[PDB]
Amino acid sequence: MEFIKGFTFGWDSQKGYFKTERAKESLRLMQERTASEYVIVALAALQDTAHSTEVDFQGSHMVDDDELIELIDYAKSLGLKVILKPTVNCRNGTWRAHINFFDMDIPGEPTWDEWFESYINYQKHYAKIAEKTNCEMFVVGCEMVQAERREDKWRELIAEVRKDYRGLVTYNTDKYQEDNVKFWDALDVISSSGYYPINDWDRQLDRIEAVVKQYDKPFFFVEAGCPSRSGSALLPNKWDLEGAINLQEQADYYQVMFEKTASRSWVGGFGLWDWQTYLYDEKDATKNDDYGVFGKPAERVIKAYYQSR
């Protein structure tokens, strides 16, 4: 596997976003300003709470199949490779790492089999799209920490995805959880959200290196990045961190992340987080405290390193 110079796209998208010209424009800017060669198209189905059972991918929150195929087709037209990442959020705000049910099946109660029935049908639907558009990779889940223990149901899901998609298949685990997943053998690539503190890269990379050396599969940080806020470089996963705007902090994180990881040949790339479909105007970049790199010093750090290799 080649080093994945990737960037995440579309996380802000709702139904209709991908029909628009500005969506196509945000994508080209992302390729030109970053030198990304892969785009990770991250989408979010909806379920009501962390313990609901119906996973909704048809509502206004979700792009339609045709505008998704247009957008992927466009990315490939720009010369991009495409990684398709369909995940789930909760309407009540709960981070999906908490989706979880009783180990036992209780009569009046939601079960793992119900949630996996819906989530697998969600997954199969976009596996079919990943195959017909020839996506290079498909990531069947994202940061499902409390659900990772159901390795039986995940392999069932993976099996169902393989019936629909011939390509590379991975699961996206959370920071510090790279070894929590006991089903990497059923997959082709290992990937985590590498939101690691700016002062802790040596210890964490060393920990992950021992884990991936057991598997003989490529690995990459399918999520990684940092808001431009004071305090963000210590907790870069915290999207809602409270801090003053700080563009240098974001660039410093990126600069150290690449220094620390360029030495590990097993770090197989990044899905940097994240590039919005509806991009803010450049004039506004210096006032943006968010993950975006457009028009910030970090934009130049990322492209320079993606040039490096």
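Each residue number is its position in the shown sequence, starting from 1.
Between 143-151 and 210-218, which has the larger average Cα B-factor in the PDB entry? Here the higher of the two C-alpha B-factor means belongs to 210-218.
Checking the record values for 241, 42, 50, 55, which has the greatest CA B factor? In this record, 241 carries the highest C-alpha B-factor of the candidates.
Sorting 197, 86, 93, 107 by Cα temperature factor from the record, which one lands on top? Highest C-alpha B-factor among the listed options: 107.
Third of the chain, ranked by Cα B-factor, where residue 65 sits: Within its chain, residue 65 is a middle-third residue by C-alpha B-factor, going by the deposited values.
Determine, from the deposited record, the chain-internal third of the Cα B-factor for residue 275: lowest, middle or highest. Within its chain, residue 275 is a lowest-third residue by C-alpha B-factor, going by the deposited values.
Quick check for you: using the entry's CA B-factors within this chain, is residue 76 in the lowest, middle or highest third? Top third by C-alpha B-factor.
Splitting the chain's C-alpha B-factors into thirds, which one does residue 134 fall into? Highest third.
Lowest, middle or highest third: where is residue 159 by C-alpha B factor in its chain? For residue 159, the deposited C-alpha B-factor lands in the middle third.
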